[PDB]
A.B. asks: 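What follows is a structure written as structure tokens; I'll ask about it next.
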2 protein chains.
Amino acid sequence: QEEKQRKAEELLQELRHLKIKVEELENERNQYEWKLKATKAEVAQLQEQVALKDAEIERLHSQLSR
Amino acid sequence: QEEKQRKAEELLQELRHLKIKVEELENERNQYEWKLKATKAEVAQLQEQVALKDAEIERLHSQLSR
Ligand SMILES: [N+]
Ligand SMILES: [N+]
């Protein structure tokens, strides 16, 4: 039952490694959440550019039709 | 040293739980990677709409200036 002890120490090692993995995987999640946010800000700016250009096309069409 | 045994079983329980957490955190990562992809496809379609509207404004400006 040094091998009870040995299996114990094997399991601790494994716990340590899994705990580092969980810690890292929760870092990757946090930064995916902020890049998604950033990409969504890019969508919103583009929607804003489309609507400005639609306004400019409408203005030109009023003139064009006089 | 039933308590060697008892601490062993405590550690297995913990390993099981951490292994489920890692499994789930790697599910959340996979689906963040695909939502980011999807959001990026939305950006690309919008860039395409902007450029179509810029082409239409240019066409109108040529006419307007005749
Ligand atoms: N728009
Ligand atoms: N453009």
Side-chain angles (χ1 to χ4, degrees):
Chain A
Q1 69 89 250
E2 63 133 67
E3 282 145 70
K4 222 101 133 159
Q5 184 54 54
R6 196 187 205 316
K7 176 72 173 291
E9 298 174 23
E10 268 154 2
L11 263 21
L12 281 175
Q13 187 167 25
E14 206 186 341
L15 235 73
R16 295 183 289 261
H17 280 129
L18 275 162
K19 287 188 173 167
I20 296 169
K21 172 130 223 169
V22 169
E23 160 201 84
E24 283 145 353
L25 280 173
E26 280 160 3
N27 261 91
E28 178 152 13
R29 173 173 71 186
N30 191 219
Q31 81 177 128
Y32 258 137
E33 126 195 6
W34 282 106
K35 187 44 202 141
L36 178 67
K37 235 270 259 209
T39 308
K40 273 168 191 189
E42 177 168 19
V43 177
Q45 217 300 282
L46 291 158
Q47 170 185 21
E48 168 191 22
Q49 293 173 36
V50 171
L52 284 184
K53 278 142 172 144
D54 287 320
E56 178 73 359
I57 292 159
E58 282 139 25
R59 181 181 81 78
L60 302 176
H61 284 154
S62 295
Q63 290 189 8
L64 134 161
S65 66
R66 283 160 203 167
Chain B
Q1 69 89 250
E2 63 133 67
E3 282 145 70
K4 222 101 133 159
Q5 184 54 54
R6 196 187 205 316
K7 176 72 173 291
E9 298 174 23
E10 268 154 2
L11 263 21
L12 281 175
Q13 187 167 25
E14 206 186 341
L15 235 73
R16 295 183 289 261
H17 280 129
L18 275 162
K19 287 188 173 167
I20 296 169
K21 172 130 223 169
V22 169
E23 160 201 84
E24 283 145 353
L25 280 173
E26 280 160 3
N27 261 91
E28 178 152 13
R29 173 173 71 186
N30 191 219
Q31 81 177 128
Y32 258 137
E33 126 195 6
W34 282 106
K35 187 44 202 141
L36 178 67
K37 235 270 259 209
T39 308
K40 273 168 191 189
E42 177 168 19
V43 177
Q45 217 300 282
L46 291 158
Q47 170 185 21
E48 168 191 22
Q49 293 173 36
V50 171
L52 284 184
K53 278 142 172 144
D54 287 320
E56 178 73 359
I57 292 159
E58 282 139 25
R59 181 181 81 78
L60 302 176
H61 284 154
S62 295
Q63 290 189 8
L64 134 161
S65 66
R66 283 160 203 167

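So you know, we letter chains A, B, ... as the sequences are listed, proteins then strands, and number each from 1.
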A.B. asks: How close do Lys53(A) and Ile57(B) get, counting heavy atoms only, and between which atoms?
C.D. replies: CG-CD1, 3.7 Å
A.B. asks: Quick check: closest heavy atoms across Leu11(B) and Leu15(A), and the distance to 0.1 Å?
C.D. replies: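 That closest heavy-atom pairing would be O-CD1, 3.8 Å.
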A.B. asks: Verify side-chain contact (heavy atoms from CB on, under 4.5 Å) between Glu58(B) and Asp54(B), making sure each step is shown before the conclusion.
C.D. replies: CA-CA 6 Å; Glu58(B) 282 139 25; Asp54(B) 287 320; 4.1 Å; yes
A.B. asks: If you count the non-hydrogen atoms of other residues, nucleotides and ligands that lie under 6.0 Å from NE2 in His61(A), is the total more than 12?
C.D. replies: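 Atom NE2 in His61(A) is crowded, with more than 12 foreign heavy atoms closer than 6.0 Å.
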A.B. asks: Answer yes when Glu26(A) and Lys21(B) have at least one side-chain N-carboxylate O distance shorter than 4.0 Å, and no when they do not.
C.D. replies: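 Yes.
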A.B. asks: Looking only at heavy atoms, which two atoms of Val22(A) and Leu18(B) are closest? And how far apart?
C.D. replies: CG2-CD2, 3.8 Å
A.B. asks: Take atom CD of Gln47(B) as the centre, draw a 6.0 Å sphere, and report whether it contains more than 12 heavy atoms from other residues, nucleotides or ligands.
C.D. replies: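 Open.
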A.B. asks: For residues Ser65(A) and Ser62(A), report the shortest heavy-atom separation together with the two atoms involved.
C.D. replies: OG-O, 3.2 Å
A.B. asks: Does any part of the side chain of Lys35(B), heavy atoms only, come nearer than 4.5 Å to the side chain of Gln31(B), both counted from C-beta?
C.D. replies: no
A.B. asks: Locate the shortest heavy-atom distance separating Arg16(A) from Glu9(A); write the atom from each residue and the value.
C.D. replies: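 Here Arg16(A) and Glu9(A) meet closest at NH2-O, 4.5 Å.
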A.B. asks: Should we say atom CZ of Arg6(A) is surrounded by more than 12 heavy atoms from elsewhere, each under 6.0 Å from it?
C.D. replies: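 It does not: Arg6(A) CZ has 12 such atoms or fewer within range.
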A.B. asks: Run the numbers on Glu14(A) and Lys19(B) for salt bridge (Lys or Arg N to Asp or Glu O under 4.0 Å), then give the verdict.
C.D. replies: CA-CA 10 Å; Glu14(A) 206 186 341; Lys19(B) 287 188 173 167; 3.2 Å; yes
A.B. asks: Are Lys7(B) and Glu10(B) within salt-bridge range, i.e. N to O under 4.0 Å?
C.D. replies: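 No.
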A.B. asks: Please round to the nearest 0.5 Å and tell me the distance separating atom OG1 of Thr39(A) and atom OH of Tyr32(A).
C.D. replies: 10.5 Å
A.B. asks: Counting C-beta onward and ignoring hydrogens, is there a side-chain heavy-atom pair between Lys37(A) and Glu33(A) closer than 4.5 Å?
C.D. replies: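 Sidechains of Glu33(A) and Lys37(A): no contact.
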A.B. asks: Check the hydrophobic clustering (I, L, V, M, F, W, Y; side-chain heavy atoms under 4.5 Å; chains of links allowed) and say if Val50(B) and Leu52(B) are grouped together.
C.D. replies: no
A.B. asks: Checking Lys4(A) now: which residues fulfil side chain to side chain contact (heavy atoms under 4.5 Å, CB included) with it, not counting sequence neighbours?
C.D. replies: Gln1(A), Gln1(B), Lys4(B), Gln5(B)
A.B. asks: Is there a donor in the side chain of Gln49(A) and an acceptor in the side chain of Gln45(A), or the other way round, less than 3.5 Å apart?
C.D. replies: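 A donor-acceptor contact under 3.5 Å links the two side chains.
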A.B. asks: The test is side-chain contact (heavy atoms from CB on, under 4.5 Å); show your working for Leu36(B) and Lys40(B) and say whether it passes.
C.D. replies: CA-CA 6 Å; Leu36(B) 178 67; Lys40(B) 273 168 191 189; 4.0 Å; yes
